[PDB]
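Take a look at this one chain, the form deposited in one PDB entry, written out in C-alpha coordinates.
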(Lines give C-alpha, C1' and ligand atoms only; values in the text may rest on other atoms or scores of the structure.)
Protein backbone atom coordinates (compact mmCIF):
# COMPACT_ATOMS: atom_id res chain seq x y z
CA UNK A 1 0.00 0.00 0.00
CA UNK A 2 1.10 3.67 -0.04
CA UNK A 3 2.62 3.05 -3.41
CA UNK A 4 0.36 5.80 -4.75
CA UNK A 5 2.17 8.38 -2.58
CA UNK A 6 5.50 7.48 -4.15
CA UNK A 7 3.98 7.87 -7.59
CA UNK A 8 2.56 11.30 -6.83
CA UNK A 9 5.87 12.32 -5.35
CA UNK A 10 7.55 11.29 -8.59
CA UNK A 11 5.12 13.06 -10.94
CA UNK A 12 4.04 16.18 -9.11
CA UNK A 13 0.77 17.98 -8.52
CA UNK A 14 -0.60 21.42 -9.24
CA UNK A 15 -2.78 23.65 -7.01
CA UNK A 16 -2.78 21.13 -4.18
CA UNK A 17 1.04 20.71 -3.70
CA UNK A 18 1.34 22.38 -0.34
CA UNK A 19 -1.68 20.61 1.16
CA UNK A 20 -0.43 17.23 -0.25
CA UNK A 21 2.86 17.94 1.55
CA UNK A 22 1.26 18.92 4.85
CA UNK A 23 -1.46 16.23 4.99
CA UNK A 24 0.00 13.32 3.14
CA UNK A 25 3.57 13.19 1.88
CA UNK A 26 5.47 14.53 4.89
CA UNK A 27 3.59 12.14 7.23
CA UNK A 28 4.14 9.17 4.94
CA UNK A 29 7.84 9.80 4.58
CA UNK A 30 8.49 10.42 8.25
CA UNK A 31 6.02 8.18 10.08
CA UNK A 32 5.40 5.32 7.68
CA UNK A 33 8.61 5.04 5.63
CA UNK A 34 10.66 6.30 8.54
CA UNK A 35 13.14 8.32 6.48
CA UNK A 36 15.08 11.06 8.30
CA UNK A 37 14.75 14.80 8.18
CA UNK A 38 17.33 15.51 5.46
CA UNK A 39 15.90 12.94 3.07
CA UNK A 40 12.32 14.09 3.73
CA UNK A 41 13.29 17.63 3.03
CA UNK A 42 14.93 16.86 -0.29
CA UNK A 43 12.13 14.55 -1.38
CA UNK A 44 9.44 17.12 -0.54
CA UNK A 45 11.29 19.99 -2.22
CA UNK A 46 11.97 17.91 -5.41
CA UNK A 47 8.28 17.02 -5.56
CA UNK A 48 7.22 20.65 -5.11
CA UNK A 49 9.24 21.98 -8.01
CA UNK A 50 7.99 19.41 -10.53
CA UNK A 51 5.67 22.30 -11.54
CA UNK A 52 8.11 25.33 -12.00
CA UNK A 53 5.51 27.83 -11.02
CA UNK A 54 5.64 28.57 -7.42
CA UNK A 55 7.77 28.72 -4.40
CA UNK A 56 8.18 26.87 -1.14
CA UNK A 57 10.29 27.89 1.98
CA UNK A 58 12.76 25.45 3.42
CA UNK A 59 11.80 26.78 6.84
CA UNK A 60 8.16 25.74 6.13
CA UNK A 61 9.27 22.24 4.98
CA UNK A 62 11.52 21.68 7.95
CA UNK A 63 8.76 22.84 10.31
CA UNK A 64 6.22 20.46 8.73
CA UNK A 65 8.63 17.50 8.90
CA UNK A 66 9.42 18.24 12.56
CA UNK A 67 5.73 18.76 13.48
CA UNK A 68 4.45 15.55 11.83
CA UNK A 69 7.31 13.59 13.35
CA UNK A 70 6.59 14.91 16.82
CA UNK A 71 2.83 14.22 16.69
CA UNK A 72 3.11 10.96 14.79
CA UNK A 73 0.48 12.11 12.30
CA UNK A 74 -0.70 9.69 9.68
CA UNK A 75 -1.11 10.54 5.98
CA UNK A 76 -4.73 11.23 4.94
CA UNK A 77 -6.25 8.23 3.16
CA UNK A 78 -7.53 8.48 -0.38
CA UNK A 79 -10.98 8.13 1.16
CA UNK A 80 -10.52 11.15 3.46
CA UNK A 81 -8.92 13.15 0.67
CA UNK A 82 -12.02 12.39 -1.48
CA UNK A 83 -14.27 13.46 1.39
CA UNK A 84 -12.42 16.64 2.41
CA UNK A 85 -10.40 17.80 -0.60
CA UNK A 86 -11.73 16.94 -4.01
CA UNK A 87 -9.35 19.43 -5.63
CA UNK A 88 -6.37 17.48 -4.35
CA UNK A 89 -8.14 14.17 -4.97
CA UNK A 90 -8.59 14.97 -8.66
CA UNK A 91 -4.94 16.07 -9.00
CA UNK A 92 -3.77 12.77 -7.36
CA UNK A 93 -6.08 10.53 -9.33
CA UNK A 94 -5.18 12.26 -12.63
CA UNK A 95 -1.54 11.44 -12.02
CA UNK A 96 -2.30 7.83 -10.99
CA UNK A 97 -4.70 7.50 -13.87
CA UNK A 98 -2.64 8.87 -16.73
CA UNK A 99 0.16 6.56 -15.78
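Residue numbers count along the first chain shown, from 1.
Mean C-alpha B-factor is higher over 90 to 98 than over the other stretch, the pair under comparison being 4 to 12 and 90 to 98. With 29 to 37 and 61 to 69 compared on mean CA B-factor from the PDB entry, the stretch scoring higher is 29 to 37.
Residue-level temperature factors show residue 44 in the lowest third of its chain, judged at the C-alpha atom.
The same protein has a further form, the form solved in complex with a small molecule, not shown here; the description that follows concerns it.
In the deposited bound form, the small molecule lies farther than 4.5 Å from every heavy atom of residue 90. Contact check for residue 82: every heavy atom lies farther than 4.5 Å from the small molecule in the deposited bound form. For residue 10, no non-hydrogen atom is located within 4.5 Å of the small molecule in the deposited bound form, even though that partner is not displayed.
Taken together, 63, 69 and 73 are entirely out of contact with the small molecule in the deposited bound form: none brings a heavy atom within 4.5 Å.
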